[PDB]
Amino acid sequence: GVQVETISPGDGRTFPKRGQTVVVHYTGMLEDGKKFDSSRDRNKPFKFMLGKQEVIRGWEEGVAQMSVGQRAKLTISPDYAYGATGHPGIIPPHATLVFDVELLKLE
């Protein structure tokens, strides 16, 4: 599944709703601890629309469990990410992924 742990609290009340655009900063790490992606390098937040399934399942479900302003650690099992095959050259087969995610705004 996806586990969500608070690093810094959000407002506790404003949770993403289906069809809203979710605006975040993130860093993604493998189980070996290595960073494979981050929006922070780009100085431009990442945006996705909740419900479009245009991010992996653990994001669709995990970021929906965050309140605006929260920074959270998401631990995502392979079946909620890239599964048996992974994404060759980037994500190993059957990989658990760890993200540091900050929910900046909803639009």
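The numbering used is simple: start at 1 and walk along the sequence shown. The term rigid core refers to the most C-alpha atoms you can superpose between the two forms while keeping them within 1.5 Å.
Trainee: C-alpha RMS from this form in 6 other deposited structures of this protein, rigid core superposed: larger for 22-30 or 40-48?
Mentor: Between 22-30 and 40-48, greater C-alpha deviation in 6 other deposited structures of this protein belongs to 40-48.
Trainee: What stretch shows more C-alpha movement in 6 other deposited structures of this protein relative to this form, 31-39 or 53-61, after the core is superposed?
Mentor: Higher root mean square deviation of C-alphas in 6 other deposited structures of this protein is shown by 31-39.
Trainee: Taking the recorded C-alpha temperature factors, which stretch has the higher mean, 1-9 or 98-106?
Mentor: Higher of the two, by average CA B-factor, is 1-9.
Trainee: Within this chain's modelled residues, let me know which third the CA B factor of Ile76 belongs to: lowest, middle or highest.
Mentor: CA B-factor rank for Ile76: middle third.
Trainee: Classify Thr14 as lowest, middle or highest third according to the C-alpha B-factor given in the PDB entry, relative to its own chain.
Mentor: Ranked within chain, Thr14 CA B lands in the lowest tercile.
Trainee: Relative to the other modelled residues in the chain, which third contains the C-alpha temperature factor of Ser67: lowest, middle or highest?
Mentor: Lowest third - that is where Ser67 ends up once the chain's C-alpha B-factors are sorted.
Trainee: Once the chain's modelled residues are ordered by C-alpha B factor and cut into thirds, is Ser38 in the lowest, middle or highest one?
Mentor: According to the entry, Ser38 has a C-alpha B-factor in the chain's middle third.
Trainee: Of the three thirds of its chain by CA temperature factor, lowest, middle or highest, which one includes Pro93?
Mentor: Middle third.
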